[PDB]
Structures are given as structure tokens and as C-alpha cells.
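A quick write-up on the structure given underneath.
Here the Cβ is made from the backbone with ideal geometry for all residues, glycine too, and neighbour counts use every protein chain on show. None of the figures in this text is laboratory data; all of them are computed from the coordinates on show.
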Amino acid sequence: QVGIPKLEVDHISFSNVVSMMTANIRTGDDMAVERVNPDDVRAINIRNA
Amino acid sequence: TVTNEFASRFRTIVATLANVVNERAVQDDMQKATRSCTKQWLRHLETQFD
Amino acid sequence: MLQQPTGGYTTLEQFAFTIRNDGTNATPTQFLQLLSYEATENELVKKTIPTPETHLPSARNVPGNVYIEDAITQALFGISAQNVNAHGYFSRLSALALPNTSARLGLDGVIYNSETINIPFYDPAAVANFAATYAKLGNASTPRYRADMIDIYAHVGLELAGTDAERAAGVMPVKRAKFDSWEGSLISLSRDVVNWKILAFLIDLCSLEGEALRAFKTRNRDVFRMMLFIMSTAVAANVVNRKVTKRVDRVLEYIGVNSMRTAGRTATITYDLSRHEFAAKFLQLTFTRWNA
Amino acid sequence: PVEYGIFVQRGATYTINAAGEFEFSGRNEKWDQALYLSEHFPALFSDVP
Amino acid sequence: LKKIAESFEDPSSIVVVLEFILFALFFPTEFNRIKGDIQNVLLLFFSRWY
Amino acid sequence: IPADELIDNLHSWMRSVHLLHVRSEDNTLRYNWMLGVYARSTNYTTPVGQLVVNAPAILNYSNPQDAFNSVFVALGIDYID
Ligand SMILES: Nc1nc2c(ncn2[C@@H]2O[C@H](COP(=O)(O)OP(=O)(O)OP(=O)(O)O)[C@@H](O)[C@H]2O)c(=O)[nH]1
């Protein structure tokens, strides 16, 4: 049998398995990048599909 | 005693690249200029390598 | 290694597929009895499903043990899955495709690069038969191998809504599914299904042959149909509720018609374009195996 | 402007093939002195009506 | 490879190609390691020039 | 419109157009008239246009589908309007 979902029934449960991220995963940090500007503005292609 | 196979190989490479640049169609006049100068710079690279 | 029985791995109680329903662990078949249909004027005609590409995408050199079952189920059934082809780990099934590979597919649904202690796993031959087809999920997004995501849904409808006569005919009216429902029914159905150990189902579907495969196809038709139901709700153009004298009838219109919707909704899981490409590929492969 | 448009639609340059005919570039473009040692000619000076 | 953004419009862009060739001559091994990443640049060069 | 004037004008105009192309010995080729005309109409400013300019030979094709595939792959574009 599969277990009954805790949210399906009206009983309260005080031991639960909360997933969480370790120090290795990080989110919402700012991220460094090397931007490289076009060599000549006149050579830029605005158009093609 | 005289020929250096490395340098000769770079000669054929630069010759190829030069005829590659020469054959390159260009629109702007300035590109036509850089096309002609790049070949000279190539020639210079060849002597520096040799 | 768990040896595969004369029947499928699905004969083992360890891989029961059940949806929670009316306070019990209902078998999917007895949920589908709740389903009812309202034909519309429109018609589904099933076309031949194109033969899947011979090309198994190369497994990339991946150091880790990919959790394949989780990826597949979340792609087909997950409430929050997105960009399922960007990570591109389905190609990993191809690692199991080789004869005498060191890789094992654990009952966990993980793809170990090497057999490892105290981790039970499916018999490598059966897994090889499985991967030899399902690795092609690994090219669900590559343009040359993308499945049709429109026509294939007809088969879904036929295998779901279709009466035996309509299935023999190969055509059925576009139907509209309905069942008496509790709050958040389709979400809960989808989560009860995402928890399924469907690798057992697919492995048995690919490995079995002759009488065993046929007995499997009948014993497990309603499991397949449940997966088809979750998937179809993911592509149903709309999913309304109807009052019916102090009861509420959930109604999804329509079965067998992919509306290609990608906007999210509370009622059911949603396919992003990538999830569509994946489901389309999955249905191509799985329907191919289902008919032989 | 109109004579110019016709002229430049014939092209800013030309080459002379082995037959001795002038094949015009058919393409508007500025001249550079690089082209002076090329097979190309400024078209204004073709004297071709 | 330390990535190079290069459209290859100007003939002078041949410099980058040469930069690779020299690297492939002076350092065949290290080149052989970074060479697919080099192919990503070269493919731009070819799609534009050839 | 008097016929002599419509004729003299249409003639001068037609003589004015000069599609970019490479001539070739092979009997299997067709010039890709659509793409070459389109590159002309935009004075070869569009990426397909400057493609046609640096490689006029890309308009020649033996297989009709590759006439466009070669351009789509050279350009990285998914389509052309
Ligand atoms: N600019 C341009 N448009 C083209 C060219 N060739 C085809 N088309 C357009 O492509 C479109 C698609 O083809 P169809 O409309 O089916 O063909 P059609 O020209 O109307 O001829 P029929 O259908 O036989 O009557 C047409 O609207 C054409 O105008 C071309 O070389 N240059």
C-alpha cells in the first residue's frame, strides 16, 4: 500500500520530511558574466528573421 | 642546412590564408582596405616566424 | 538484482499502481469506472504512428547516478516540471542499452554507473530491451526526432475514452470526460501517479513477449489508461466543474485533443512546450510498443 | 538623381573579360585605391554609353 | 578555451583564425584539448566566409 | 498608355535590373530567383542580402530544397519573411 497523504485526512502530524538545500546549492545570488560589445555598430544586423 | 620545415609550413599556411583573404568579398571600401592590409600583415607574420 | 517473474515486474506487490480515492487506495481500473463520456459532433480518426527513429541519443559522460524515473514521471505528471529537455538526462537510458554494461537501473529508478551494494535493481537484459526504445526520450527535443504532438493524442483518446467498437473502428467521436469529484481531484490524481514506479511498467512492456506480454497488456491496460488520463488533463482545452444536486462533477473537454495550452491553471498540471515534446515522444514510443 | 540611379544600377565598377567586353558590377559601392591594382575599374570612366 | 566573440565581418577577423593555427602548431596537445570549443568559433568563420 | 512608351520604359527598366549570380558549367543548377531578387530589393542590407553578396554562388542549386536550407544554415535563421 502507498501511504495516505497527510493533507488528505484531518489529523495533525508533527514529524515531517522537509526537503532543503545544502550549502552547495545556492539561489538568488548575483552572477558574474563577461559581456562583449559588438565590434562595430554599423555591422550589426537588426533585421533578419 | 638551410630549409626549416616549420617555417616552410607556416609559409604555405600564410599563403593559403592570404589567398583566402584575397578571395573574400567585401562591401564597404574600408573593408577593401583592410583586406589589402591584412595580406601585408600576413607577409610580416611569415618573416617573423621564419 | 530482482529477477523478472514469468509475468511482468508489475505482478509483484512492490509495484502496485494505485490512486488514492474515497479514502482508500483504489486500483486505477476502479477509478476509470467513475469516468463517463459525452460525445461531441467532432471526430477522432487514428493515423498510423510514425516508426520511432533508430538513433539512440549518446549518453553523455555523466559521473553521477541520474534519477531517471523521477525525471520521466515529473515530465509527464509533475505539477511544477518545466524545461524538461534542457537538462537532457533522458539520453542516459542509452547507457543501459549496451550488452554487458556496468550500469544498473535500480528499483529506486536511479541509473547507477556501476552495480553497487544494497541497491536492488532490474535484470539488465530486460532493462536493455527497455532502454533500447526509451532512450529515445533523450531526443524528444532534437528537431529531427520530434514526435507529432497533435495526431498522437487521438490514440490517447481511443485507448482511454474508446469503447471496444470505437477502438476496432479506429475512430470515435471526440468525447468529454466526467466523474464525481472531491476538491483538487486532478492534482491529487496526478500526484498519486507521479509516485508510481512506472519503470516497472515500461520495462515489462519492452521485455515481455508472446503470451506474457499479452496478459500484461490486459492486466495493465487501466494503468496505462490512468497515465493517459493525467496526460490528457494536462492537454485538455478546459476543465470545468458542474453542480449536480449537492455533488460536483469534474469535466474535461476534450479527450484525444491536444489544445497545445501552456498557460498554467490551478485545476491540473500544465505542459510547457518542452513537456509537450516529451509527452509526444513518450506516447509515440509507448503506443508503438503497445501494438505488436 | 535619375541618371545617377540608372548609372549606379549598372554598377560602380567593371572588369574587362578575356573577350574584352566590360562586365559591370551591377552593385553600388565606394572605390578604394586598393582596387587600383585589382581587375576592377571605376565605372564613370568606362566611356560606355 | 577562453571564449572569443567574433562575427567575422571584417577581413581582419582572419587574425583570430591565425591565432588558432599558431596555437595548433606551437601547442598541438593543448589545442587538441580545446579544439571543439575552437570549432565553435571557426564555424562562425566559415558560415560567414564560406 | 501608348504602346511605344510602355515598351521603351519597361525595356529600360528591365535592363536596369542586374541580379547577382555566379555562372557555372554544371547542367543541374538553377538560380534561386526569389532569394536573389529579394536581396536586390533591399540593396543587400538584410543578412540574406549580404549573404548573396559575399557568396552569389549560394543561389545556384540542384536540389530545390537545399536552395533554401543552405541559406538557413549559413544564416542560423529559422525562417525568412
Ligand atoms: N516576391 C516573390 N514572391 C514569390 C516568388 N515566388 C512565389 N512567390 C509567392 O509565394 C506565394 C505562394 O505560392 P502560391 O500562392 O500558392 O502560388 P501562386 O503564385 O499564387 O500561383 P497559383 O497558386 O498556381 O495560382 C505566392 O503568393 C507568390 O506570390 C518570388 O519569386 N518572389
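Some notes on this structure:
- Which numbered condition E:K3 fails, given (1) part of a loop (DSSP other than H, G, I, E, B); (2) of a type in the set (K, R); (3) within 14 Å of chain B (Cβ to nearest Cβ): (3)
- Residues located in region C:79-98, provided they are of a type in the set (A, V, I, L, M, F, W, C), under 30 Å from C:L189 (Cα atoms) and outside any loop (DSSP other than H, G, I, E, B): C:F90, C:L93
- Condition check for C:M226: within 14 Å of chain A (Cβ to nearest Cβ) and within 16 Å of C:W290 (Cβ to Cβ): yes
- Test set (1) surrounded by 11 or more Cβ atoms within 10 Å (Cβ to Cβ); (2) of a type outside the set (D, E, K, R); (3) away from the ligand (no atom under 16 Å from the Cβ) - F:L6 fails condition number: (1)
- Those residues of region F:9-36 which are aliphatic (A, V, I, L, M), surrounded by 12 or more Cβ atoms within 10 Å (Cβ to Cβ) and more than 19 Å from D:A12 (Cα to Cα), in sequence order: F:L29, F:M34, F:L35
- Residue among C:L76, C:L44, C:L105, C:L56 that alone is of a type outside the set (G, A, S), surrounded by 16 or more Cβ atoms within 10 Å (Cβ to Cβ) and assigned to a helix (DSSP H, G or I): C:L76
- If you go through region D:1-23 and pick out every residue that is within 14 Å of chain F (Cβ to nearest Cβ) and touching a residue at least 24 places away in the same chain (Cβ under 8 Å), you end up with 8.
- The helices (runs of 4 or more DSSP H) found wholly in region F:21-81 and carrying at least 2 residues that are within 14 Å of chain A (Cβ to nearest Cβ), farther than 20 Å from D:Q9 by Cβ and of a type in the set (V, I, T) occupy F:66-75.
- Selection of region C:120-136 for residues being buried (at least 20 other Cβ atoms within 10 Å of the Cβ) and hydroxyl-bearing (S, T, Y) yields C:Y122, C:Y134.
- Among the residues listed as D:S46, D:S38, the single one being within 8 Å of the chain's Cα centre (by Cα), more than 14 Å from chain F (Cβ to nearest Cβ) and small (G, A, S): D:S46
Condition check ((1) more than 12 Å from the chain's Cα centre (by Cα); (2) basic (K, R); (3) closer than 13 Å to E:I14 by Cα; (4) within 11 Å of chain D (Cβ to nearest Cβ)) across all residues:
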| residue | (1), (2), (3), (4) |
| --- | --- |
| B:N4 | yes, no, no, no |
| B:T12 | no, no, no, no |
| B:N19 | no, no, yes, no |
| B:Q27 | yes, no, no, yes |
| B:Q31 | yes, no, yes, yes |
| B:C37 | no, no, yes, yes |
| B:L45 | no, no, yes, no |
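- For region F:31-68, filtering for residues that are away from the ligand (no atom under 12 Å from the Cβ) and among the charged types (D, E, K, R) leaves 1.
- Within region C:266-289, if we keep just the residues that are among the aromatic types (F, W, Y) and surrounded by 24 or more Cβ atoms within 10 Å (Cβ to Cβ), the residue that is farthest from the chain's Cα centre (by Cα) turns out to be C:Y271.
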